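Visitor: Structure provided below as structure tokens; questions to follow.
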Amino acid sequence: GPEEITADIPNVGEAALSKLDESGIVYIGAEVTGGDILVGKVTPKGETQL
Amino acid sequence: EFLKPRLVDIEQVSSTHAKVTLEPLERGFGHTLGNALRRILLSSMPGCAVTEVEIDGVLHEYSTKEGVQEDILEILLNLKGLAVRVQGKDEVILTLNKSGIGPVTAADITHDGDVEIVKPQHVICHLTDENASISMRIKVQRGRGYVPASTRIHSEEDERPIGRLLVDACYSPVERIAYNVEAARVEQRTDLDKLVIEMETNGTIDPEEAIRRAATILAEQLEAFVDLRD
Amino acid sequence: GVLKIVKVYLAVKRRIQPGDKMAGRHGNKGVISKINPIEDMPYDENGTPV
């Protein structure tokens with residue numbers, strides 16, 4: 001399956017999704033620091049067997 | 001059996017220059033009060049300077065407004081050297097609106113009672129187009145020392161806007177303080193010294209007020225020795 | 001194979017600090033060892049520190 005650039009991310013706190021708009025990319029001018037999010041991207045994964 | 005010095009005349013050579021003299025010093029105390037005063041004034045005088053600017057239609061520092069002839073990276077480096085003294089409050093929020101061709105000097109800031117600009121011929125930017133328009137909202141604070149934008153970020157507390165261009169703030173109303181002790185002369189005393197503190201502020205702080213706030217920073221600190229608590 | 005790329009820039013503004021490596025023109029390197037205060041620096045007859 002194909003990856004997405006959706007702005008929804010599994011189990012991420014809203015403190016991280018503050019800068020990036022609903023489209024997924026970060027804003028223009030938002031002062032970021034270490035470990036922040038710049039582009040929301042999620043990849044399809046099955047085959048758990050936990 | 002000691003002597004204690006008294007404040008004497010304050011020759012005011014210019015607006016940013018000054019010379020204050022401390023007349024009746026006992027021998028051996030010239031270099032003791034001087035270097036203990038030059039080392040305080042250059043370090044910890046409270047002042048006021050810009051803290052964060054905000055322009056109308058620009059998002060970050062490395063942009064370039066249309067109509068002006070400087071990058072925004074230079075409009076902040078010109079505001080940082082803006083001298084201003086506020087009397088009543090602790091912090092202000094200035095304003096600046098101008099349109100038309102001609103250099104935008106600092107004297108075009110909106111006039112408030114307490115806020116009192118000192119260098120009204122200061123250049124800030126240029127305007128070079130008849131339909132140009134620049135409107136910012138400068139900020140001002142009190143403090144001392146020097147606190148860069150990076151270390152003042154730790155107390156950001158969710159700085160929601162993305163148009164808050166942050167400037168580094170170096171509050172200090174002194175730039176160089178030379179002093180030289182010379183042979184004072186009371187009517188009859190073998191050896192008495194005279195201190196002459198040739199100061200140089202940025203037009204902000206009163207000279208006689210600086211020394212009366214540099215002495216109480218010393219005299220307040222020696223208490224920990226006068227009462228050796230153990 | 002690639003579906004869509006996203007390139008993002010950051011404009012970091014690094015200051016000076018201990019560890020940097022200044023040097024003149026005549027081959028005299030040196031690593032900055034300390035940043036004194038304004039008043040520990042040796043001042044000449046008219047207060048101008050070096």
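In the structure tokens, the first chain shown is A, the next is B, and so on; residue numbers restart at 1 for each chain, and ligands run from 1 in the order shown.
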Which residues are near residue 214 in chain B? Cut-off 7 Å, only C-alpha atoms, ignore same chain within fewer than 2 positions. Put them as a list in words.
Guide: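 These residues fall inside the cut-off: residues 37, 40, 41, 210, 211, 212, 216, 217 and 218 of chain B.
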Visitor: Might you pull out every residue within 10 Å of residue 109 in chain B, with only C-alpha atoms counted and same-chain residues fewer than 2 positions away left off, and present them as a list in words?
Guide: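 The neighbour list is residues 94, 95, 96, 97, 98, 104, 105, 106, 107, 111, 112, 117, 120, 136, 137 and 138 of chain B.
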Visitor: Could the residues in this selection be saved with N, CA, C and O atoms as a PDB file, in the first residue's frame?
Guide:
```pdb
ATOM      1  N   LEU B  94       5.249  50.252  22.106  1.00  0.00           N
ATOM      2  CA  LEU B  94       5.264  51.405  21.227  1.00  0.00           C
ATOM      3  C   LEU B  94       4.516  51.103  19.937  1.00  0.00           C
ATOM      4  O   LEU B  94       3.960  50.022  19.746  1.00  0.00           O
ATOM      5  N   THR B  95       4.507  52.084  19.043  1.00  0.00           N
ATOM      6  CA  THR B  95       3.886  51.942  17.739  1.00  0.00           C
ATOM      7  C   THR B  95       4.666  52.781  16.740  1.00  0.00           C
ATOM      8  O   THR B  95       5.437  53.664  17.113  1.00  0.00           O
ATOM      9  N   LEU B  96       4.463  52.494  15.461  1.00  0.00           N
ATOM     10  CA  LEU B  96       5.170  53.215  14.410  1.00  0.00           C
ATOM     11  C   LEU B  96       4.407  53.014  13.113  1.00  0.00           C
ATOM     12  O   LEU B  96       4.325  51.889  12.620  1.00  0.00           O
ATOM     13  N   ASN B  97       3.856  54.091  12.564  1.00  0.00           N
ATOM     14  CA  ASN B  97       3.179  54.055  11.278  1.00  0.00           C
ATOM     15  C   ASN B  97       3.699  55.196  10.424  1.00  0.00           C
ATOM     16  O   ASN B  97       3.791  56.333  10.893  1.00  0.00           O
ATOM     17  N   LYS B  98       4.039  54.893   9.176  1.00  0.00           N
ATOM     18  CA  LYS B  98       4.515  55.922   8.268  1.00  0.00           C
ATOM     19  C   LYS B  98       4.310  55.452   6.839  1.00  0.00           C
ATOM     20  O   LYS B  98       4.332  54.253   6.557  1.00  0.00           O
ATOM     21  N   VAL B 104      12.635  56.613   7.478  1.00  0.00           N
ATOM     22  CA  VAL B 104      11.801  56.527   8.670  1.00  0.00           C
ATOM     23  C   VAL B 104      12.700  56.667   9.890  1.00  0.00           C
ATOM     24  O   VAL B 104      13.296  55.688  10.346  1.00  0.00           O
ATOM     25  N   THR B 105      12.806  57.870  10.425  1.00  0.00           N
ATOM     26  CA  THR B 105      13.623  58.052  11.608  1.00  0.00           C
ATOM     27  C   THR B 105      12.854  57.601  12.838  1.00  0.00           C
ATOM     28  O   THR B 105      11.649  57.361  12.794  1.00  0.00           O
ATOM     29  N   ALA B 106      13.568  57.489  13.956  1.00  0.00           N
ATOM     30  CA  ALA B 106      12.945  56.990  15.175  1.00  0.00           C
ATOM     31  C   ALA B 106      11.951  57.983  15.749  1.00  0.00           C
ATOM     32  O   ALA B 106      11.102  57.606  16.562  1.00  0.00           O
ATOM     33  N   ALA B 107      12.032  59.249  15.342  1.00  0.00           N
ATOM     34  CA  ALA B 107      11.169  60.292  15.878  1.00  0.00           C
ATOM     35  C   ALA B 107       9.724  60.169  15.428  1.00  0.00           C
ATOM     36  O   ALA B 107       8.896  60.965  15.877  1.00  0.00           O
ATOM     37  N   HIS B 111       3.595  59.252  20.096  1.00  0.00           N
ATOM     38  CA  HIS B 111       4.055  60.016  21.255  1.00  0.00           C
ATOM     39  C   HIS B 111       3.215  59.635  22.466  1.00  0.00           C
ATOM     40  O   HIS B 111       2.009  59.876  22.517  1.00  0.00           O
ATOM     41  N   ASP B 112       3.863  59.024  23.451  1.00  0.00           N
ATOM     42  CA  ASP B 112       3.223  58.804  24.734  1.00  0.00           C
ATOM     43  C   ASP B 112       3.876  59.683  25.795  1.00  0.00           C
ATOM     44  O   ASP B 112       4.967  60.227  25.606  1.00  0.00           O
ATOM     45  N   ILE B 117      11.703  59.006  24.074  1.00  0.00           N
ATOM     46  CA  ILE B 117      12.848  58.713  23.227  1.00  0.00           C
ATOM     47  C   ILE B 117      13.932  59.765  23.449  1.00  0.00           C
ATOM     48  O   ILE B 117      13.662  60.912  23.819  1.00  0.00           O
ATOM     49  N   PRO B 120      16.260  61.230  18.744  1.00  0.00           N
ATOM     50  CA  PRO B 120      15.187  61.342  17.752  1.00  0.00           C
ATOM     51  C   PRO B 120      15.653  61.497  16.313  1.00  0.00           C
ATOM     52  O   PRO B 120      14.807  61.520  15.417  1.00  0.00           O
ATOM     53  N   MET B 136       4.694  48.836  12.490  1.00  0.00           N
ATOM     54  CA  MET B 136       5.158  47.843  13.442  1.00  0.00           C
ATOM     55  C   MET B 136       4.726  48.246  14.839  1.00  0.00           C
ATOM     56  O   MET B 136       4.261  49.363  15.067  1.00  0.00           O
ATOM     57  N   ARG B 137       4.886  47.316  15.779  1.00  0.00           N
ATOM     58  CA  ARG B 137       4.522  47.535  17.178  1.00  0.00           C
ATOM     59  C   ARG B 137       5.682  47.074  18.049  1.00  0.00           C
ATOM     60  O   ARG B 137       5.722  45.921  18.480  1.00  0.00           O
ATOM     61  N   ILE B 138       6.605  47.976  18.316  1.00  0.00           N
ATOM     62  CA  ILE B 138       7.783  47.676  19.110  1.00  0.00           C
ATOM     63  C   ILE B 138       7.370  47.401  20.549  1.00  0.00           C
ATOM     64  O   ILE B 138       6.329  47.859  21.020  1.00  0.00           O
TER      65      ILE B 138
END
```
Visitor: Within 10 Å of chain C, which residues of chain B show up when using only C-alpha atoms, listed as a list in words?
Guide: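 Every residue of chain B that passes the 10 Å test is in residues 35, 38, 39, 40, 41, 42, 43, 61, 62, 175, 176, 177, 178, 179, 180, 198 and 199 of chain B.
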Visitor: So that I can see what lies close to residue 54 in chain B, please list as number ranges by chain the residues with an atom at most 10 Å from it, counting only C-alpha atoms and leaving out residues fewer than 6 positions away in the same chain.
Guide: B: 60, 76, 95, 135-139, 161-166
Visitor: So that I can check the surroundings of residue 45 in chain A, please list as a PyMOL selection string every protein, DNA and RNA residue that reaches within 10 Å of it, counting only C-alpha atoms and ignoring chain neighbours fewer than 3 positions away.
Guide: chain A and resi 1+3+42+48
Visitor: Pull out every residue of chain A that has at least one atom within 12 Å of chain C, counting only C-alpha atoms, and report them as a list in words.
Guide: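 So the contacting residues turn out to be residues 1, 2, 3, 4, 5, 24, 25, 26, 27, 28, 29, 30, 31, 32, 33, 34, 37, 38, 39, 40 and 41 of chain A.
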Visitor: Write the residues of the selection above to a file with N, CA and C atoms, as a tab-separated table (two decimals), in the first residue's frame.
Guide:
```tsv
chain	number	residue	atom	x	y	z
A	1	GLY	N	0.83	-1.17	0.00
A	1	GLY	CA	0.00	0.00	0.00
A	1	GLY	C	0.88	1.23	0.00
A	2	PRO	N	0.32	2.38	-0.36
A	2	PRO	CA	1.12	3.60	-0.44
A	2	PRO	C	1.13	4.35	0.88
A	3	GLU	N	2.21	5.09	1.10
A	3	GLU	CA	2.28	5.94	2.28
A	3	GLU	C	1.37	7.15	2.10
A	4	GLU	N	1.19	7.91	3.18
A	4	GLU	CA	0.38	9.11	3.13
A	4	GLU	C	1.12	10.26	3.79
A	5	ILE	N	0.69	11.48	3.49
A	5	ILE	CA	1.20	12.66	4.16
A	5	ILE	C	0.04	13.25	4.96
A	24	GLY	N	-0.78	18.71	6.77
A	24	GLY	CA	0.32	17.84	7.13
A	24	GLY	C	1.68	18.49	7.11
A	25	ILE	N	1.90	19.50	6.28
A	25	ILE	CA	3.18	20.17	6.21
A	25	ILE	C	3.22	21.24	7.29
A	26	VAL	N	4.42	21.63	7.68
A	26	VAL	CA	4.60	22.65	8.70
A	26	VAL	C	4.25	24.00	8.09
A	27	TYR	N	4.12	25.01	8.95
A	27	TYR	CA	3.85	26.35	8.47
A	27	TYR	C	5.12	26.98	7.90
A	28	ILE	N	5.07	28.28	7.65
A	28	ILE	CA	6.22	29.01	7.12
A	28	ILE	C	6.53	30.12	8.10
A	29	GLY	N	7.50	29.87	8.97
A	29	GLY	CA	7.91	30.87	9.92
A	29	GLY	C	7.81	30.36	11.34
A	30	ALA	N	7.30	29.14	11.49
A	30	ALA	CA	7.09	28.56	12.81
A	30	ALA	C	8.43	28.15	13.41
A	31	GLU	N	8.83	28.80	14.49
A	31	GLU	CA	10.13	28.49	15.09
A	31	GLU	C	10.12	27.12	15.74
A	32	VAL	N	10.78	26.17	15.10
A	32	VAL	CA	10.81	24.80	15.58
A	32	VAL	C	12.10	24.58	16.35
A	33	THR	N	12.18	23.48	17.08
A	33	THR	CA	13.37	23.13	17.84
A	33	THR	C	13.62	21.64	17.64
A	34	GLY	N	14.48	21.06	18.47
A	34	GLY	CA	14.83	19.66	18.30
A	34	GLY	C	13.65	18.74	18.56
A	37	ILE	N	7.96	18.03	14.89
A	37	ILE	CA	7.44	17.41	13.68
A	37	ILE	C	7.47	18.44	12.56
A	38	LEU	N	7.87	18.02	11.37
A	38	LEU	CA	7.85	18.89	10.20
A	38	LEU	C	6.93	18.40	9.11
A	39	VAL	N	6.78	17.09	8.94
A	39	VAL	CA	5.91	16.54	7.91
A	39	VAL	C	5.26	15.28	8.44
A	40	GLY	N	3.95	15.32	8.65
A	40	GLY	CA	3.26	14.13	9.12
A	40	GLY	C	3.20	13.09	8.03
A	41	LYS	N	3.73	11.91	8.31
A	41	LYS	CA	3.72	10.84	7.32
A	41	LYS	C	3.59	9.51	8.04
```
Visitor: I want to know what sits within 9 Å of range 181-187 of chain B, based on only C-alpha atoms, with residues of the same chain fewer than 4 positions away left out; could you give that as a list in words?
Guide: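 Close residues of range 181-187 of chain B: residues 23, 24, 25, 30, 31, 34, 191, 192, 193, 194, 195, 196 and 197 of chain B.
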Visitor: Enumerate, as a list in words, the complete set of residues in chain A that a backbone-based DSSP assignment places in strand (DSSP E or B).
Guide: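 Selecting the strand (DSSP E or B) positions of chain A gives residues 4, 25, 39 and 42 of chain A.
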Visitor: Quick one: pull the distance between CA of residue 30 in chain C and CA of residue 151 in chain B, Å, one decimal.
Guide: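 Here the two named atoms are 27.1 Å from each other.
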Visitor: Could you work out how far CA of residue 119 in chain B lies from CA of residue 131 in chain B, giving the answer in Å with one decimal?
Guide: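 That distance, rounded to one decimal, is 27.7 Å.
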